[PDB]
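One chain comes next, on its own, written out as structure tokens in the form solved without the DNA.
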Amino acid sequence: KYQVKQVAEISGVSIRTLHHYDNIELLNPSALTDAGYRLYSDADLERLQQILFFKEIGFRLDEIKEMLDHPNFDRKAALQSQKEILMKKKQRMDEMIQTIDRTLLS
């Protein structure tokens, strides 16, 4: 029911980006207009939403492609897994910063 331009509007996601999704089979248009323009369902938006969220959380376009279709996917698990990844990525920054403060004492 929604043309590419409508969703890019609704979501705030770029057309260019949205195209890229279609291209990597990450998010594909459900229908097609009679002139050949791509059409999107609400279930389609329902997916764009998952995408934007995993993306917000820290996932790369590719690992998101996986998660989405996989059967009995474990959300709680993934999120709890990510939270740990982030916690390590953070502590690592903290170390780098410390190292800089130590050096910056001369």
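Rigid core: the largest C-alpha set superposing within 1.5 Å between the two forms. So that there is no doubt, residue numbering starts at 1 and follows the sequence shown.
Keep in mind that the form deposited with the DNA bound is missing from the display, and what follows is about it.
(request) Could you check which residue among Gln82, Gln91, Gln98, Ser14 gets a heavy atom within 4.5 Å of the DNA in the entry with it bound? (result) Filtering the options by heavy-atom distance leaves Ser14.
(message) Using a 4.5 Å heavy atom cut-off, which residue among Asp69, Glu46, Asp62, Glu56 comes into contact with the DNA in the entry with it bound?
(response) That would be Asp62.
(request) May I ask you to state whether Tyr37 is within 4.5 Å of the DNA in the entry with it bound, using heavy atom distances? (result) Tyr37 belongs to the contact set for the DNA.
(request) Classify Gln49 as shifted (yes) or not shifted (no) between this form and the one not shown, where shifted means its C-alpha moves by 2 Å or more with the rigid core superposed. (result) Moves: no, less than 2 Å.
(message) Using a rigid core superposition, assess whether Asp69 undergoes a CA shift of 2 Å or more between this form and the one not shown.
(response) Comparing the forms between this form and the one not shown, which are aligned on their rigid core, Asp69 does not shift its C-alpha by 2 Å or more.
(request) Would you say whether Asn28 is displaced between this form and the one not shown, judging by a C-alpha shift of 2 Å or more on the superposed rigid core? (result) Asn28 C-alpha, core-superposed: shift of less than 2 Å.
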